[PDB]
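**Student:** Mind having a look at this structure? Questions to follow.
Cβ atoms come from the backbone with ideal geometry, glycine included; neighbour counts cover every protein chain shown. Please treat every number below as a calculation from the coordinates, not as lab data.
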Amino acid sequence: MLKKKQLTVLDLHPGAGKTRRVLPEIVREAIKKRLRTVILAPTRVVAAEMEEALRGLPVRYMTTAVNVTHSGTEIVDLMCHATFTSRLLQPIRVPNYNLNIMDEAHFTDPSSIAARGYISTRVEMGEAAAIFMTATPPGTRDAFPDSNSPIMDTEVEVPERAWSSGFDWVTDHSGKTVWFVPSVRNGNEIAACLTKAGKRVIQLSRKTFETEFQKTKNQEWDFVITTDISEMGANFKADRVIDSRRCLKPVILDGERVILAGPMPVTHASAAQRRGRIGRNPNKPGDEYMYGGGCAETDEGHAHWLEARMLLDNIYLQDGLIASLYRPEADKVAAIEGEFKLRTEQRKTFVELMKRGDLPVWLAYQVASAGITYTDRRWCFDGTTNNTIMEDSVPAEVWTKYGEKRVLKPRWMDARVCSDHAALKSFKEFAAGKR
Ligand SMILES: CS(=O)(=O)Cc1nc2ccccc2[nH]1
């Protein structure tokens, strides 16, 4: 695997031991060969699990999620996918890694897709090797891969709202269930219904995942209600997955706004990763996978692949060259390579809007490419009437940094800034000049 111009897809089935068995073998061999190596974890939770798999090996943990004192001598770096892409974008030296290892390499967040594009381009240029570790490579059509133990697969209607009757099988279960929902708001309603029926429920989403995931170890629970973030190597001691088979798709309409379309079917890869939370224990056959819909290739035209192009157009590779998306996922977007390349000062604004601003890539781009500076929040209030953001059926209002109460009406409307209470709270803080 460790030869220049090699990209290997380590596509062992879920729970086959890619992280705990294969990865330390790869790392020892890379250290022996003096390959400057990066290991990319999708989440801080996975970064911490990797430390345990790699214990004793000379690895530099570029994450506050791991407590180790380093030698200062490590040639193997470990960081999150997002951290890698973030450092590429910033005016900071990122080593030209000889070996690039991406764990949970199916992750479809923009920074992960961009990292795969940058890495696969360096490999194609002859410069580097790469290993993408996932059961579900891009364009996989198999929602029912092999498992450590046999799984009971049943197609069944799954509730997406509070229910009173007709789903006794949901609550009649005495074990632990991981339930994939298409959104935080949908999980909130299902969670409230289960809590009312006497169940102990933990909810996981991107913003809450590190903190809340620890509850699955520290407290007794009957259900975990999770969005798609638990597709990325989250492990549970569960004997059932309930899968809505639904997700939200961010969609750019007319180059001018982002909507959260759906819910609509998941990809085959997502469905296989959802299912792959169970069947992991060869001593516990008969884990259950209950699924409420079919799959479709909903990554086609999904904003994350266009956002990935906005990131890659703004990453230095060599002179004016621009990294391509990883070939198997390159047709998910219709973009002109280089169309999103920004001049130095607009690029700095773009980066700050994503890093400090915590804005979605697409929205950060609209603001930065308009020539607006990071602290100029006038655009949060001068949109068309149909861009008015609503909070509990009334227009959302903030006090501007000038001390004026104004209706939140952004010039560019991206649905992700108000997809749940937490998102809108964060965007209100932004519009007010509070970060
Ligand atoms: C024990 S340490 O030296 O803080 C490990 C480390 N090295 C880093 C380099 C860049 C960013 C974070 C980093 N954390």
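**Student:** At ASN188 and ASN235, where each label point lies 7 Å from the Cα along Cα→Cβ, what is the point-to-point distance in nanometres?
**Tutor:** Simple spin-label model gives 3.3 nm for this pair.
**Student:** Now a separate question. In Å and whole numbers, how far do the C-alpha atoms of the range 100-216 stretch along each principal axis, longest first?
**Tutor:** That works out to 60, 32, 22 Å along the principal axes.
**Student:** For the range 314-435, state the semi-axes of the equivalent ellipsoid (square roots of 5 times the eigenvalues of the alpha-carbon gyration tensor), sorted largest first and rounded to whole angstrom.
**Tutor:** Equivalent ellipsoid of the range 314-435: 30, 17, 12 Å, largest first.
**Student:** Along the principal axes of its C-alpha atoms, what lengths does the range 180-251 span, in descending order and rounded to whole Å?
**Tutor:** Taking max minus min along each principal axis of the Cα atoms, the range 180-251 gives 38, 26, 22 Å.
**Student:** On alpha carbon coordinates alone, what is the Rg over Rh value for the range 137-279, Rh being the Kirkwood radius?
**Tutor:** My calculation of the ratio gives 0.96.
**Student:** For the range 212-296, what percent of Cα pairs sit more than 19 Å apart?
**Tutor:** In whole percent, the share of Cα-Cα pairs in the range 212-296 beyond 19 Å is 47.
**Student:** With label points built 7 Å along Cα→Cβ from the Cα atoms of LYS33 and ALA334, find their separation and express it in nm.
**Tutor:** 4.2
**Student:** Okay, next question. Here is the link list: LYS3/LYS207; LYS249/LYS425; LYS355/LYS425; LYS348/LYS405. Which ones come out longer than 28 Å on Cα distance?
**Tutor:** Going by Cα-Cα distance, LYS3/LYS207; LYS348/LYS405 fall outside the 28 Å limit.
**Student:** Mind sorting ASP228, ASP77, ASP319 by how few other Cβ atoms lie within 10 Å of their own Cβ, fewest first?
**Tutor:** Listed from fewest to most nearby Cβ atoms, that is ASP319, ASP77, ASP228.
**Student:** If you add up the charges near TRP362, with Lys and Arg at +1 and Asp and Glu at -1, over every other residue whose beta carbon is less than 10 angstrom from its beta carbon, what do you get?
**Tutor:** 0
**Student:** Using the alpha carbon gyration tensor of the range 1-132, what are the three equivalent-ellipsoid semi-axes (square root of 5 times each eigenvalue), largest first, in whole Å?
**Tutor:** 19, 17, 16
**Student:** Name the most mobile residue of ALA143, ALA114, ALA396, meaning the one with the largest mean-square fluctuation, in a Gaussian network model of the chain with Cα contacts below 10 Å.
**Tutor:** Evaluated over the chain, the most mobile residue of the options is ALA396.
**Student:** Summing +1 for each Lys or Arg and -1 for each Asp or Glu, what net charge is found among the other residues whose Cβ lies under 9 Å from the Cβ of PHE430?
**Tutor:** Net local charge, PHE430 excluded: +2.
**Student:** Let me ask something else. Sticking with the crude label model, points 7 Å out along Cα→Cβ, report the distance from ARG356 to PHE144 in nm, one decimal please.
**Tutor:** Rounded to a tenth, the inter-label distance reads 5.3 nm.
**Student:** Quick one: give the max-minus-min coordinate of the C-alpha atoms of the chain along each principal axis, largest first, in Å.
**Tutor:** On the principal axes, the chain reaches 62, 62, 41 Å in Cα extent.
**Student:** Under a cut-off of 15 Å between alpha-carbon atoms, report the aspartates and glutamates in cross-link reach of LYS332, not counting same-chain residues fewer than 8 places apart.
**Tutor:** Cross-link targets: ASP109, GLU297, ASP299, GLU300, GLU307.
**Student:** Of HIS106, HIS81, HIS421, which is the most mobile in a GNM of the chain whose springs link Cα atoms less than 10 angstrom apart?
**Tutor:** Result for the chain, Cα springs under 10 Å: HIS421 fluctuates most.
**Student:** Which residues in the range 385-425 have a backbone N closer than 19 Å to a point placed 7 Å from the Cα of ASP376 along the Cα-to-Cβ line?
**Tutor:** 400-403, 409-413, by backbone N distance to the label point.
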